[PDB]
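Participant: Supplied in structure tokens, the structure appears directly below.
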Amino acid sequence: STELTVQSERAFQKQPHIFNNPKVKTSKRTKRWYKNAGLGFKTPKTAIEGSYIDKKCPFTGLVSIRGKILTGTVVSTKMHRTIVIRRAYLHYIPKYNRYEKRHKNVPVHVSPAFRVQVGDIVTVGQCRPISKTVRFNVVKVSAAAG
Amino acid sequence: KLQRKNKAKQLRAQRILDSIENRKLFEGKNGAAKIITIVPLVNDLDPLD
Amino acid sequence: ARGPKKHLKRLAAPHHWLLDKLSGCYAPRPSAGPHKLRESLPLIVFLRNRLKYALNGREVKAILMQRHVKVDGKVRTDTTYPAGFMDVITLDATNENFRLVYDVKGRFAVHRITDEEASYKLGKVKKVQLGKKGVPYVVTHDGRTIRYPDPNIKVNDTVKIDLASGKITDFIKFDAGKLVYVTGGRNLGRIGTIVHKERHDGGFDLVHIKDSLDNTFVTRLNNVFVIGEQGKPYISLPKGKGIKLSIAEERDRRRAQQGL
Amino acid sequence: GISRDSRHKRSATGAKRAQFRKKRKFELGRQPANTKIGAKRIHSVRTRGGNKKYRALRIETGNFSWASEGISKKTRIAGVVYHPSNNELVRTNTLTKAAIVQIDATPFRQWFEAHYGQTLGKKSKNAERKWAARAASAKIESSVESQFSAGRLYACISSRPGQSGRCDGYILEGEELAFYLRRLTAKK
RNA sequence: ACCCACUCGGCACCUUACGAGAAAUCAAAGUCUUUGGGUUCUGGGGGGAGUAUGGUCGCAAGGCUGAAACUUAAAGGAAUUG
RNA sequence: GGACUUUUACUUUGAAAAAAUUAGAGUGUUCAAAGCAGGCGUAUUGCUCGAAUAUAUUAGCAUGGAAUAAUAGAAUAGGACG
RNA sequence: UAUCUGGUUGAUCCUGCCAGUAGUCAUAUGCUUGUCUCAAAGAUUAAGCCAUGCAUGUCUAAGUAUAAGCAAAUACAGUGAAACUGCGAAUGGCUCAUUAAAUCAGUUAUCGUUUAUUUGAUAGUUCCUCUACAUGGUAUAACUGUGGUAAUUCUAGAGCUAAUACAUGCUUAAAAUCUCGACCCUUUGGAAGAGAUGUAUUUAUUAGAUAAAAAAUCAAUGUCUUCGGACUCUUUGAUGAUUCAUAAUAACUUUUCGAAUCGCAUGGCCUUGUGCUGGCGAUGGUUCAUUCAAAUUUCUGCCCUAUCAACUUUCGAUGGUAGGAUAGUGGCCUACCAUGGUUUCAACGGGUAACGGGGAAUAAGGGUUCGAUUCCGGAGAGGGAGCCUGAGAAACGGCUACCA
């Protein structure tokens, strides 16, 4: 969502099975593991030289992007590190040969590498159920009006 | 639904008591006697066999 | 339902078995084996409904428990053994050898082969990985695994195991031109050459195939079974060579036959 | 018994879900096993597929590993000193994953002289070239060498005691140890 | 101020049917069996009935919303004729 | 192999599309409802065709088109090209 | 495949509804009934109640034969009751009460998991720095005899005996590499001999590279040149993507597996010894893959109701961290911390004489109505709950408790 201090919880926040050696000292400071999500998705600059942990980010975290890739507009960001996406579409009633507008709310996960506000057409991808309702994860962010 | 489900139960349970109590005359161990008459129609016919 | 299913009601069978919809309410249901049950052909269906050797259920049992039907060089006794694609089953009593290959219509067709070519069998490699203790192994399209393959064999290629010891002989790669048998979908049973592989990231690669009569069609990659080079296959093709004549020109092909 | 199904929970719109089937078995949950300290008591639990899950009901002599030096020596356990999730697990000395405990340090101390030659807290000439080749690398972090003088180390269990029977782990070192000492002085 | 001519916007008036309607009549009730410019509301035979019941606003008088059971072959509207 | 690569709706073509049911091709079940059979021989150890095809308007995937209907961009240039 | 006609209607014209007419893979009932093919049938009301009988048991050459069973190899050898063992009983069949984003349909996912079985691969390392392996040990059933109960698929105590039961237990190559070191002879040092190194589990660490190319540095500094110091071909698989597959090191484990099983044949070798060696199978066994499945999961879609406008968080409601639990993800549960989540695009509540679907009737088109019912999926076995066995069951032709 925004920038906080790293170790604020009651447990140490670290990337698991990433071990920096306290004996040998290197100019490269902290062992930070990161990957690329594939599907032609570029790793954001903030994910590579960041300082957060976020075990559920598709980058620098332990999840995967496989399955459906969706698109919608952000309607709320009041949660902690997750947002709500409104998907708008038209439904075809066959009897009347006409359409009607509908909408559905998708709760997705947003990493602390994207700065996401309302507006914000966002591309998300299916991400291995992470809390009861949240099955997608924010991948790409495009602006609303600038 | 529960009032509907209970009422159908209450009317059937009253119905099934009505069938049993009307059939209380014929538990043929002590208090029953069904009266049966064999009436053959032909003189060449014995009710004994 | 609390555990695996054991029966199969007739009319829930695969349609390409051509089972009579009357005459009993149950279907063979092939047991577990080298092929998925919706793409296989049980030994009871092959020897009773297809070749008309047997006549009952207990009669085809007497065929098999006599140890007379050898599927892929090994003897079988289960009447519902899933004999599938490119199985090279043989009958030693009549000295006749079969290869279960699809017709152009899409159903399994009997195809008598010589004693030669009844000792080898093509198989599409489906996954290559490293096993325990560092050995690499490939797995083909009928559940078989072979250790120590040639290092140029990748996923979705063709290997040539013989029959008795695995031992992958020369293999066929995947590029433009290679002759392709189709093993699933609407174009089930057609034979042609690759012209274009449009890779899609996310799933379900599509392959463009042009046959010998310049009729292009598109299929998923899962249904693609490469069998050799342009005009030179590695097996004996079935009758009709996979051309898919249209419904009008099949009737005109019929009309040349009745009468004399 | 306990169920892990999501059909007994209210929906995302606040709706109440009405039951449609009884509890199944492929969704059961078992009662937690609070792994205490004392004599070794290990119980097997038959799981789906016929497998086994060794519930550690009372464990000691766990295997703790020195991360920087890359050794693992089987040591005793003195007790829990901090727990991030539940405070009451410290008060009853219940060993879980990611619980900060105190282990016996003498197997690690005994390993140091036989491998490096120096002595912390205070002939066979092939052994001194072993000591000289490994020399200029025996300098360790300042807090852990002070802990050897007390005879008692700090470590974190990285194993699941109630799911494998063993209580393994690793000893704290570096910035992670600096975080946990701050926790013991400001909250404990 | 009045007269003449034109124009824009009005309240209406008279004749007619290219059309429309069951007819009275209608420059809109026209451009609808050759049926689609946009869009809100309302109706679906008569009694029972604006009744019962619930909700709501009102100090009250009341208002707004508003059924069903049952029964019935009617209920109507336009113009002329003795 | 790297990237800039507006966002849609719409419509064509295609793939993956259970059988049964519906339409429909072939076939004298004695005709037919049906069924998927059967047909031809020197009927002396035989030969052989068939068991098609179509329909599914939503949702998802691929591709062709760029009219119609939306959407964004250079006005403090905080704009493009070397 | 496209026709209407009567009531109102008193003379006329229209709004209007009713009645008539026809179909029904739509139920009942009445009258009548010769022939052939074909065939639905206690769904609606009472998912109400059950007398009686049957519906799940099973043996090949290939697990155990001393039946005082039958019938014709001096350990047995043919057939074969009973019983132990293994497997099955979780399929089939029935019903539609529940159930309104639930089930279900089509389409995705498991880089988020379990899998008996079939199919294919897969085990020179076990005790050990002094020993049963031309083969370790017990219990028991069936049986013998003695009894109890009114009764049941009730069983007690006593004596026997087998395993593919249960409980233990060993052979097998050489090489290589690491720690520990008799050390000596004096060094730019190199050395006898001691241990360890399968698989499975658990933890920690390392490798798992690869956009094209030029020098000055020091440290670890090696083979060779010409000891100036020169310096090379250097091994790395797959995915769109991985902390993947796999490998290496340090250890851990009430130490998992690594054949004490069975059938059919008498082959070959000489050193001619009851020596050595060997064929064709059957059943087991660890891991991987495969198959039959299963559990969760993505997008979209469901009937009536505003006389239901706010709903969800007491008692998890939405999110975060950590743990526990599970086969596994996940508020699934727990501890703490946030205050969120849905809704006029109809949330939430209510009704359904609502299992969903493929499909059925009706035909000028679009539609209207129906779908308990021969196929697919879900659920239940009088109502709830709990659990054993097993790969699989919250099973009812299994058990336990409560209610009727």
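Lettering and numbering for the structure tokens are positional, with chains as A, B, ... in the shown order, residues counted from 1 in each chain, and ligands counted from 1 in the shown order.
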For segment 49-57 of chain E, find every residue with an atom within 12 Å (counting only C-alpha atoms (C1' of nucleotides)), except residues of its own chain fewer than 2 positions away, and show them as a ChimeraX atom specification.
Facilitator: /E:47,62-69 /G:306-308
Participant: List as a tab-separated table every residue of chain F that is in contact with segment 219-242 of chain C, defined as an atom at most 10 Å from one of its atoms (using only C-alpha atoms (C1' of nucleotides)), together with the nearest atom pair and the distance in Å rounded to one decimal, sorted by chain and then rising number.
Facilitator:
```
residue	atom	partner	partner_atom	distance
F:14	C1'	C:219	CA	9.0
F:15	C1'	C:219	CA	6.0
F:16	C1'	C:220	CA	8.2
```
Participant: Once you count only C-alpha atoms, what closest atom pair and distance in Å to one decimal does each residue of chain D within 8 Å of chain A have, with rows by chain and rising residue number, as a tab-separated table?
Facilitator:
```
residue	atom	partner	partner_atom	distance
D:12	CA	A:133	CA	7.5
D:68	CA	A:21	CA	6.2
D:84	CA	A:10	CA	5.1
D:85	CA	A:10	CA	7.4
D:139	CA	A:23	CA	7.9
D:140	CA	A:23	CA	6.7
D:141	CA	A:22	CA	7.4
D:173	CA	A:22	CA	7.7
D:174	CA	A:22	CA	6.0
D:176	CA	A:12	CA	6.7
D:179	CA	A:12	CA	7.0
D:180	CA	A:12	CA	7.8
```
Participant: Restricting the output to N, CA, C and O atoms, write the selected residues as an mmCIF file, in the first residue's frame.
Facilitator:
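Wrote again.cif, looks like this:
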```
data_model
loop_
_atom_site.group_PDB
_atom_site.id
_atom_site.type_symbol
_atom_site.label_atom_id
_atom_site.label_comp_id
_atom_site.auth_asym_id
_atom_site.auth_seq_id
_atom_site.Cartn_x
_atom_site.Cartn_y
_atom_site.Cartn_z
ATOM 1 N N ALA D 12 -18.962 -13.850 1.366
ATOM 2 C CA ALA D 12 -18.279 -12.571 1.274
ATOM 3 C C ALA D 12 -19.233 -11.391 1.317
ATOM 4 O O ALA D 12 -18.795 -10.275 1.598
ATOM 5 N N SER D 68 26.147 -20.222 10.052
ATOM 6 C CA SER D 68 27.345 -19.710 9.395
ATOM 7 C C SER D 68 28.405 -20.792 9.252
ATOM 8 O O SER D 68 29.058 -20.902 8.211
ATOM 9 N N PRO D 84 6.314 -15.653 19.033
ATOM 10 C CA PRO D 84 5.710 -14.509 18.346
ATOM 11 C C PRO D 84 4.196 -14.547 18.270
ATOM 12 O O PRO D 84 3.572 -13.481 18.306
ATOM 13 N N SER D 85 3.576 -15.720 18.178
ATOM 14 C CA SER D 85 2.131 -15.772 17.979
ATOM 15 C C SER D 85 1.366 -15.678 19.294
ATOM 16 O O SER D 85 0.565 -14.761 19.489
ATOM 17 N N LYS D 139 37.156 -15.630 13.838
ATOM 18 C CA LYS D 139 36.501 -14.483 14.446
ATOM 19 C C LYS D 139 35.010 -14.567 14.156
ATOM 20 O O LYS D 139 34.599 -14.568 12.991
ATOM 21 N N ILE D 140 34.204 -14.638 15.212
ATOM 22 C CA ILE D 140 32.762 -14.778 15.058
ATOM 23 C C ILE D 140 32.074 -13.527 15.578
ATOM 24 O O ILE D 140 32.730 -12.588 16.041
ATOM 25 N N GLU D 141 30.751 -13.505 15.483
ATOM 26 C CA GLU D 141 29.954 -12.384 15.945
ATOM 27 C C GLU D 141 30.084 -12.236 17.462
ATOM 28 O O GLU D 141 30.271 -13.207 18.196
ATOM 29 N N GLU D 173 21.599 -15.787 14.651
ATOM 30 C CA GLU D 173 22.887 -15.168 14.378
ATOM 31 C C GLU D 173 22.675 -13.948 13.499
ATOM 32 O O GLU D 173 21.896 -14.000 12.545
ATOM 33 N N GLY D 174 23.362 -12.863 13.820
ATOM 34 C CA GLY D 174 23.366 -11.706 12.939
ATOM 35 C C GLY D 174 22.254 -10.744 13.271
ATOM 36 O O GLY D 174 21.940 -10.516 14.442
ATOM 37 N N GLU D 176 19.066 -11.051 12.708
ATOM 38 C CA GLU D 176 17.903 -11.719 13.285
ATOM 39 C C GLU D 176 18.042 -11.848 14.791
ATOM 40 O O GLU D 176 17.066 -11.673 15.529
ATOM 41 N N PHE D 179 17.298 -8.545 16.364
ATOM 42 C CA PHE D 179 15.873 -8.256 16.483
ATOM 43 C C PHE D 179 15.285 -8.905 17.725
ATOM 44 O O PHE D 179 14.488 -8.291 18.442
ATOM 45 N N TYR D 180 15.672 -10.149 18.000
ATOM 46 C CA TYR D 180 15.023 -10.889 19.072
ATOM 47 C C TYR D 180 15.494 -10.445 20.450
ATOM 48 O O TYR D 180 14.710 -10.486 21.400
#
```
Participant: Using only C-alpha atoms, which residue out of D:80, D:5, D:26, D:63 lies closest to chain C?
Facilitator: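 Ranking D:80, D:5, D:26, D:63 by distance to chain C, first place goes to D:26.
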Participant: Tell me which protein, DNA and RNA residues are within 8 Å of residue 98 of chain D, counting only C-alpha atoms (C1' of nucleotides), leaving out same-chain ones fewer than 5 positions away, and put them as JSON, numbers by chain.
Facilitator: {"D": [83, 84, 156, 157, 158, 159], "G": [323]}
Participant: Could you please take those selected residues and save C-alpha atoms (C1' of nucleotides) as a PDB file, in the first residue's frame?
Facilitator:
```
ATOM      1  CA  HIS D  83       6.958 -16.879  21.060  1.00  0.00           C
ATOM      2  CA  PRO D  84       5.710 -14.509  18.346  1.00  0.00           C
ATOM      3  CA  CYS D 156      14.758 -20.897  16.826  1.00  0.00           C
ATOM      4  CA  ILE D 157      12.877 -24.078  15.975  1.00  0.00           C
ATOM      5  CA  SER D 158      12.497 -24.337  12.220  1.00  0.00           C
ATOM      6  CA  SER D 159      10.709 -27.700  12.321  1.00  0.00           C
TER       7      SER D 159
ATOM      8  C1'   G G 323       1.614 -20.778  14.918  1.00  0.00           C
TER       9        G G 323
END
```
Participant: Do you know which residues are at most 12 Å from residue 5 of chain A counting only C-alpha atoms (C1' of nucleotides), after dropping those on the same chain fewer than 5 positions away, and could you put them as number ranges by chain?
Facilitator: A: 13, 51-53
Participant: Show me, as an MDAnalysis selection string, every residue of chain G with an atom at most 7 Å from chain A, counting only C-alpha atoms (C1' of nucleotides).
Facilitator: chainID G and resid 108:109 111:112 240:241 243 298 319:322 329:330 340 345
Participant: Can you write just those residues out, C-alpha atoms (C1' of nucleotides), as a PDB file, in the first residue's frame?
Facilitator:
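Contents of selection11.pdb, as written:
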```pdb
ATOM      1  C1'   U G 108      -9.685 -23.084 -16.541  1.00  0.00           C
ATOM      2  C1'   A G 109      -5.804 -24.383 -12.186  1.00  0.00           C
ATOM      3  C1'   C G 111       4.481 -23.853  -9.573  1.00  0.00           C
ATOM      4  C1'   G G 112      -1.435 -25.898  -3.759  1.00  0.00           C
ATOM      5  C1'   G G 240       5.911 -18.376 -19.997  1.00  0.00           C
ATOM      6  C1'   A G 241       7.648 -18.344 -14.626  1.00  0.00           C
ATOM      7  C1'   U G 243      13.395 -21.431  -3.201  1.00  0.00           C
ATOM      8  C1'   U G 298     -10.805 -19.381 -12.107  1.00  0.00           C
ATOM      9  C1'   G G 319      -7.398  -7.954   5.646  1.00  0.00           C
ATOM     10  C1'   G G 320      -2.078  -8.580   7.802  1.00  0.00           C
ATOM     11  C1'   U G 321       1.898 -11.391  10.860  1.00  0.00           C
ATOM     12  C1'   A G 322       2.936 -15.968  13.322  1.00  0.00           C
ATOM     13  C1'   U G 329      -3.810 -23.850  -0.346  1.00  0.00           C
ATOM     14  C1'   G G 330      -6.876 -20.953   2.604  1.00  0.00           C
ATOM     15  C1'   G G 340     -13.095  -3.364   6.882  1.00  0.00           C
ATOM     16  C1'   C G 345     -26.268  -3.119 -11.750  1.00  0.00           C
TER      17        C G 345
END
```
